[PDB]
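Data first, discussion second: the structure below is written as structure tokens.
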Amino acid sequence: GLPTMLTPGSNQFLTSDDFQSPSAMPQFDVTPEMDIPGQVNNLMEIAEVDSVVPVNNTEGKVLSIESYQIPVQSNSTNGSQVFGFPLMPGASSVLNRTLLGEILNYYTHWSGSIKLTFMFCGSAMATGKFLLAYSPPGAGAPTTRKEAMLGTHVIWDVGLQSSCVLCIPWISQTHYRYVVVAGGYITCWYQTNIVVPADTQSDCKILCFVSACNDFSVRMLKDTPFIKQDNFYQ
Amino acid sequence: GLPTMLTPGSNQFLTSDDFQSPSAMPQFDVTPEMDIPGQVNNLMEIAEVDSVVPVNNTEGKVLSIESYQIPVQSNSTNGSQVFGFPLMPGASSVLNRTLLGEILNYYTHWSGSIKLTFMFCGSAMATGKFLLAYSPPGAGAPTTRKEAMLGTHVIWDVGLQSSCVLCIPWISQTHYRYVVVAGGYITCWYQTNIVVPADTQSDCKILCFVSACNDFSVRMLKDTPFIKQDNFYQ
Amino acid sequence: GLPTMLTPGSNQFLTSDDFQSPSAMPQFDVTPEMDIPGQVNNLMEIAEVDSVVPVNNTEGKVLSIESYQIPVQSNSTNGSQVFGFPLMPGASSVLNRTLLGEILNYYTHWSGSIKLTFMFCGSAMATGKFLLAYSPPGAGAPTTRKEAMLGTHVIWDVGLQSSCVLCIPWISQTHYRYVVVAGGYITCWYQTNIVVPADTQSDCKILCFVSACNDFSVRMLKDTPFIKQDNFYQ
Amino acid sequence: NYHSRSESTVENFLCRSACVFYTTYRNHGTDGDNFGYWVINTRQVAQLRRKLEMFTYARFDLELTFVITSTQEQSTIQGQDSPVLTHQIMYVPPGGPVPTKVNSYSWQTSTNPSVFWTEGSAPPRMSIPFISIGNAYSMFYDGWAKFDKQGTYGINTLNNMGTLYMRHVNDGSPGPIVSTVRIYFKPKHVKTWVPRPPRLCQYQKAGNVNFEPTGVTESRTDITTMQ
């Protein structure tokens, strides 16, 4: 009796709609929820967690646990570069498969600060200094110890502390940037050689961690570029 | 005039829907309800009622009333087993066709306590003791009188009382369990032989009853596996 | 369940409707608006702006900037006509491609007062007088200096002021008139010759501006007759 | 201020309608194999399986939309003039009767939910509640259904969500007609617990977590290189 119009867009199945669906099993009582520990309500909780960064991405090492270990040579030229990777959490293969990068690859846009932690895994008696230098996007990676020092850097003294947390700021012209392919660079430099009670043989290692800060967000959900299937698995 | 959309799921006949149906006989006055005794509003009222359990399920006895009579021998080894059946009200054939089992077979999930009553149908001058032992699920049925006594049991003294009510608790890992095929075991044991004024010939009998307790529920209604038809009866 | 009728006009796509459209990208956060200078909310703001009128529309001059320059001869007969064009902002080619005319050609009906500014681009020592005469629609353009003076006119004295703003009134029998093809005439007359310190060689120029007044409106939007495409540009 | 984390939430992350299965069933056939079926699983589509297996326990309602389209086949039958085609999508709850034939008694669906849809209307839709005697679906099970059998590792009967069955109610014409169902899956009211690392190695089997070992990431030339 009540008049009604066609309202174009009816009798259509828009995949991204929020219409109520009739219940195939009404008058059926579901079991009550149980207080399971670990309630997660947002993927950033996963992205806020430190994950070990594989920086030793050289050929032949990605299949071993040595990909996570940054080698610190017992003797090397002062001002040599210990390591270096670009600040592309969703693009650069160093940070791509981390928890942060895994979350990022599920989305198209992202924004926020990257939290990097470098931990020295050498002896308690070992001492030494490192230049953890950060290059802003567009600047280009430094080529010497002096160029790294003249920019943003910290003197990470191994003897004083075995860890160094470095918060990478958000520098972009837009509110969000694309996850896919500037971002910046992290380079470490031998300020001083590692000094030990002069009797050791093997070399020290540095472990890297990546995390998101509290201002991290992702906008446009998409399919991750990592899992692939030819058809149904069964 | 008022706009309206397609709202997927329209013009469909979902069998389990609760839509109002037009009346083929409106303006017709039905006869008023009469106060008929026996108003039942829930199937548990049927399930709460004691029903005689056929425990004497031996071949050749299911077609006679002897299937309900547990034979108590005039002379037997002490510590012999009088009877024993598993606690599967909807699965085990001992409890399957009882009122409780008949209600249960109409559903897929159930929960609650089984109430078992054992009544001695011997002489008033007869005396004796029984071990009504209950085995929790997964334990396995006891093989001797001692194993039954070391578990959950009652000493049912025939002289003191001719009935014994045994409430089987609810032991499962889920809120509900499937009606179909652990559950436990009831075993009775000859603690002492039946003692009578030493002049009788025939043996005594035990009648078993099954019932549901107040915490009994059934979840998912289905077709009973008992009635079957090839086609319409007319 | 709720009854509803056909309401003719349903399941139709009226191009000029205002029905809500389902969002293909819901749960997507657009970037916040930024305070960009130059917020325009109405095309009249564009139409209120002075635009240089090409009055020197003679053949061979429309491709040069001389089409905007009204030549003022160093010596000419007194009472000669400096220039003249009809008051057809959307029809006459003199005013057609101005900002006002460009806005007008996007519509079918218009109403309001035309604001005309004439600026003398001669020397600061130059002096002289002009008759800026306006002919109401249907009167016909004057043929002599006397006919212009006997009607609506101003004596624009070059020495006293280098600009003259002339507000053309709204004279029509209807609230709106069609943009397409009376309107009136503007004619300028040499009241006196241009007088200079008697040593100059080149002649002076007059620049004309057109604008809409605050009572300007346009009714029926249509396609402009100026841009044309054979098909899609890509 | 802080940027909104709305679409990063587990509800927005997981409640996305995706196609998880499509099958074709005929209108005529030699045997009674003229029906399509699908045991409701979350481990057959890699994207959805990875997204769900990023958590350990989940609890959600299944919203299913069926996109059924019919095609007339080849030739040799004339004057087809088929009337409109009606489809039955029967849902079999866990423990319910499972058809083996197109005209089985289970299709009479005494307690199996069933939706009858006529072509030309909006696609049929039905919603399955959280159906488990347990308190949550477990994407991972470090245990055995029966400890005696080695092959029962990682299998528990608490994740069985039922089976969907599709068929033609009427043939319409004496000529061949094949229909594709194209089930679209959408979890609703999702609660997830105990987050897990994303699956790195490619999946091999739907009922296994077996994997060929893979590198943690892609390699580069040097530890100091930039491109």
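Letters for chains follow the order of the structure tokens (A, B, ...), residue numbers begin at 1 for each chain, and ligand numbers begin at 1 in the order shown.
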
Find the residues around residue 89 in chain B up to 6 Å (only C-alpha atoms counted), leave out those fewer than 5 positions away in its own chain, and share them as number ranges by chain.
-> B: 95-96, 101

Chain A contacts to chain C at 8 Å (only C-alpha atoms) as a ChimeraX atom specification | /A:1-9,16,175,219-220

Quick one: of D:145, D:89, D:58, D:14, who's nearest to residue 185 in chain D, counting only C-alpha atoms?
-> D:14

Run DSSP on the backbone and give me the residues of chain B it puts in strand (DSSP E or B), as a ChimeraX atom specification.
-> /B:2-3,13-14,51-53,69-72,81-86,107,109-111,114-120,127,129-135,152-157,163-168,177-178,185-190,195,204-212,217-218,221

Which one is closest to chain C: D:117, D:211, D:35, D:13? Count only C-alpha atoms.
->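 Closest to chain C of all the choices is D:13.
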
Which residues of chain D come within 9 Å of chain C, and for each one, what is the closest pair of atoms and their distance in Å to one decimal, counting only C-alpha atoms, sorted by chain and residue number, as a Markdown table?
```
| residue | atom | partner | partner_atom | distance |
| --- | --- | --- | --- | --- |
| D:4 | CA | C:29 | CA | 8.1 |
| D:6 | CA | C:27 | CA | 7.7 |
| D:7 | CA | C:27 | CA | 6.4 |
| D:12 | CA | C:27 | CA | 8.0 |
```

Identify which of the residues D:96, D:59, D:148, D:17 lies closest to residue 180 in chain B, counting only C-alpha atoms when measuring atom-to-atom distances.
->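 Using only C-alpha atoms, residue 180 in chain B sits closest to D:96.
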
Excluding same-chain residues fewer than 2 positions from residue 170 in chain D, what lies within 12 Å of it counting only C-alpha atoms, as a VMD selection string?
-> chain D and resid 26 to 28 34 82 to 88 102 to 103 116 to 119 167 to 168 172 to 174 177

Minimum-distance residue to residue 110 in chain D, chosen among B:234, B:135, B:194, B:15 (using only C-alpha atoms) | B:15
